[PDB]
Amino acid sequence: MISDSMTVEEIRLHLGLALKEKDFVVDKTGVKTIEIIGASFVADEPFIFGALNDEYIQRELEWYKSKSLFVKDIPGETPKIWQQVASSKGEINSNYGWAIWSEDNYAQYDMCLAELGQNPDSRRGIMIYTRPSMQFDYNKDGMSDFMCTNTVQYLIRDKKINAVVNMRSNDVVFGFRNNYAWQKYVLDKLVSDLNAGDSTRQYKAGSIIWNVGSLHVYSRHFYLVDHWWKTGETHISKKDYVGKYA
């Protein structure tokens, strides 16, 4: 039994209610947010609010395939957000290709693939992204990057592979869209690798379940929530939005 969770549509609704309520909490940067504490839902759409950007996602995936911990190695011009959280030397913590494909984080992908190839029913098929020393590593050399993804667990049931994603913190607009594309790519690769190992397995991709301690919208994206609250459209250009949260 997979848990019958909220869907992306219902998360949209609860965010709209928080905004209507004026239930604000002060970000570390001083900015207001709206927040769901302890959120859990099935990721049945590839975005919550906003639009897709295959070009950027493909650049972030090439960076993950390189496993580099330096933001300059992102193909093309590196985004400003990555520059602002990096150390004095351009270093970060959150390269998810490093987290799952590097020997330095204990070969999470290959060990999860070996565990499930040996025991398809296991509860120990997991890729652990964060680490206890994060209590001190988050601000090494002046960076500001406390890992947001804690763990991802994989469970094979009825010839489908399901993923359970646990995050400390996730931005609804950019974070969720990029992080979802990545989790789906990893899931499909794992399915294909298991199938090439044994042509009788015939596995397929299953569901992705999303769990978050603080799932939040920054006040700079309140307009998307408000517009969806009024119209049902999940995207509008900032230039075209008319409404209070300009």
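Residue numbers run from 1 along the displayed sequence.
- Comparing 56-64 with 25-33, the higher mean C-alpha B-factor in the PDB entry belongs to 25-33.
- Checked against the record, the higher mean CA B factor of 126-134 and 81-89 lies with 81-89.
- Among the modelled residues of its chain, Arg177 has a C-alpha B-factor that falls in the middle third according to the deposited record.
- For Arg220, the recorded CA temperature factor ranks within the highest third of the chain's modelled residues.
- When all modelled residues of the chain are sorted by CA temperature factor, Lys189 is found within the middle third.
- In the PDB entry, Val42 places in the lowest third of its chain by CA B-factor.
- Looking at the C-alpha B-factors along this chain, the one for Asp121 belongs to the middle third.
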